[PDB]
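Next comes just one chain, in structure tokens: the form deposited in one PDB entry.
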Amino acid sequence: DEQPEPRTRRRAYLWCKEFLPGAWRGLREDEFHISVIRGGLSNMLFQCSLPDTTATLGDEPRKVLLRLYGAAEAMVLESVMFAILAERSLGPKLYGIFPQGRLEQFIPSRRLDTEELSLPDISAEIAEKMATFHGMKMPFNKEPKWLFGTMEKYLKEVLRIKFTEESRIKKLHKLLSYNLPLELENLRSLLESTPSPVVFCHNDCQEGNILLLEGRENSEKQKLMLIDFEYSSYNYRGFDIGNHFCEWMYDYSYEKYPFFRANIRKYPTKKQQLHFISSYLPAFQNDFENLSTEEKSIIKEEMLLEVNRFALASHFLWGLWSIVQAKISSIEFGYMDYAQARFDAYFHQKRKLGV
């Protein structure tokens, strides 16, 4: 986490030398500056750079980002998608693609923290960016089968899990006592009666996937970038917004077990919600502000009902996801606790909605 091991220092040297143009092409192995940004057995991020002494021959970058995958059809789609967003200037540039990983533009930035999501200027721009993402045409299946198809898939895995550790057994037993198969069908009824346009959705728009771009912090409307499009698909718009509202409540930076904080009281208020969708709607159809005040009020009221219902699917889906991570993950986290938190929020909001 300041240097990498002996192999994936040299592999990254070759990659950078072979895939990057200009001064990268004639670089000796002992000039190569690499330093870890994130580790793991999956999705390792490194920074790779020229020495500061070396000058550039053309418009090649000084530093890049190396992304290793780390043990077919999933990787074609996200690669094509990444390449497309890169060409449309809606993502970081793609400098190299190979079986083990890819070379990307390094964006000087940090991630938002959870508590920044509520800042009015942050929220307004997230809404604008999300509305732009939602207008994109992508070469993927336009049927909104992702939401229930993913929930069904995770539920099938959840019902096959057997734990051996007593504490995980007891926690799983409590989640199963809810009758998740039946609860999924109640959510199906609710959501099939809630109209929500099908759009190209990020599906994971939270603070860890939003960049605050270095030296733009005084821009009111143009300091952020959305990244990490792994779960993206054509989906109900209500889910991308509702999932985002859910993410106000969750902080994944907590340093002790269970490695997250959950706070129901941080969900956005009607006022905060209205502020977000007041920025989202004119960004998605730019004639919106010319509708009658009454016609706009009706649209906003409908959309509050829409997004707060689809937010229940955020809890259900990521709760099921977390139980699966508990069995199969070797990243360290309170997966079972996070699942319980998502299902606690599910039942609390359901009851508040009267649905």
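For the two forms, the rigid core is made up of the largest set of C-alpha atoms that agree within 1.5 Å on superposition. Each residue number is its position in the shown sequence, starting from 1.
FYI, the form solved in complex with a small molecule isn't displayed, but the following is about it.
- Put simply, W248 is far from the small molecule in the bound PDB entry: not one heavy atom of it is within 4.5 Å.
- Using a 4.5 angstroms threshold between heavy atoms, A83 stays clear of the small molecule in the bound PDB entry.
- In the bound PDB entry, the small molecule sits within 4.5 Å of a heavy atom belonging to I227.
- Taking non-hydrogen atoms only, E104 approaches the small molecule to within 4.5 angstroms in the bound PDB entry.
- At a distance of at most 4.5 angstroms from the small molecule in the bound PDB entry, all three residues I37, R67 and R111 contribute at least one non-hydrogen atom.
- Only one listed stretch (129-137, 266-274, 183-191, 227-235) carries heavy atoms within 4.5 Å of the small molecule in the bound PDB entry, and that stretch is 227-235.
- This chain is displayed alone, yet in the bound PDB entry one of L211, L281, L172, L94 has a heavy atom within 4.5 Å of the small molecule; that residue is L211.
- A movement of the C-alpha atom of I298 falling short of 2 angstroms is seen between the shown form and the other one when the two forms are aligned on their rigid core.
- Taking 2 Å as the criterion, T54 counts as shifted between the shown form and the other one: its C-alpha moves by at least this amount when the rigid core is aligned.
- Relative to the superposed core, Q349 undergoes a Cα shift smaller than 2 Å between the shown form and the other one.
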